[PDB]
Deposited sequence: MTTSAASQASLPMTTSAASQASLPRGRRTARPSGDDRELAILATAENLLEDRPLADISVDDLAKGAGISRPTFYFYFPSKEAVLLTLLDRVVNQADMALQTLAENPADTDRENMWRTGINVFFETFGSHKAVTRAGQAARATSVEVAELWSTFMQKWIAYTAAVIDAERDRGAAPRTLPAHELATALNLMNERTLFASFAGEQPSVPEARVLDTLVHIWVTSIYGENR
């Protein structure tokens, strides 16, 4: 019944925003009363927080699976965790990013996982540098930061079909070229 509230919320986020979704909306959808809903979640806001948390941890688990196992393809594979994971959860992604402005727990969750993915990118760049494959150019953590923020903005513009945006079928190739040239280039 927790799963039913979450699934009902993911569905309703595909045809309208959170503001236009009532607790009763979520209650009916999971086939429970308004008050029974409140036993599982304090708000519709915490329902989005739980969805976002699950999408983010799926991405994070998938990037850990890669880390335990050519260079252009290694970066493609890692960028593709975020493309596939968030691209399969477009409504949660769109509503997650919107809720950063108004929910401190959404902003902190997003902030924590971004710190973690930048720290991972920076360790990979330093490892490529230590073994002589990439040149010592920018500080690794500053380059990591900017490449991760590029992906956030560019992936989410594409998913939401913003103008402007890279077409979704061209965004992976676009990002991989920019990562690989800026990491290996002089």
Item to complete: Go through the deposited sequence from residue 1 and tell me which stretches lack C-alpha coordinates, in order.
Response: 1-36, 106-109, 227-228
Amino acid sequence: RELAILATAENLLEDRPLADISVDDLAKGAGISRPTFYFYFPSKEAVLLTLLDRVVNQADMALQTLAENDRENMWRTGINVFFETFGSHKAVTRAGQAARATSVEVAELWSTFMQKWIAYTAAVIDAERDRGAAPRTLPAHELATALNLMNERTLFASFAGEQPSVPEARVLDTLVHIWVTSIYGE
From here on, numbers count along this sequence of modelled residues.
Worksheet, complete the sentence: Of 100-108 and 76-84, the stretch with the higher mean C-alpha B-factor in the deposited entry is 100-108
Worksheet entry | Higher-B stretch (mean Cα B-factor, as the entry records it), 176-184 or 1-9 | 1-9
Fill in: Residue with highest C-alpha B-factor in the PDB entry, from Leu66, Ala127, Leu138, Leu155
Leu66
Worksheet entry | Selection by C-alpha B-factor (highest) of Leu149, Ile118, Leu26, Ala59 | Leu26
Worksheet item: Based on the entry's values, in what third of the chain does the Cα temperature factor of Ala30 lie: lowest, middle or highest?
Response: highest
Practice prompt. Place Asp15 in the lowest, middle or highest third of its chain's C-alpha B-factors, as listed in the PDB entry.
Written response: highest
Worksheet item: When the modelled residues of the chain are sorted by Cα temperature factor, does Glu142 land in the lowest, middle or highest third?
Response: lowest
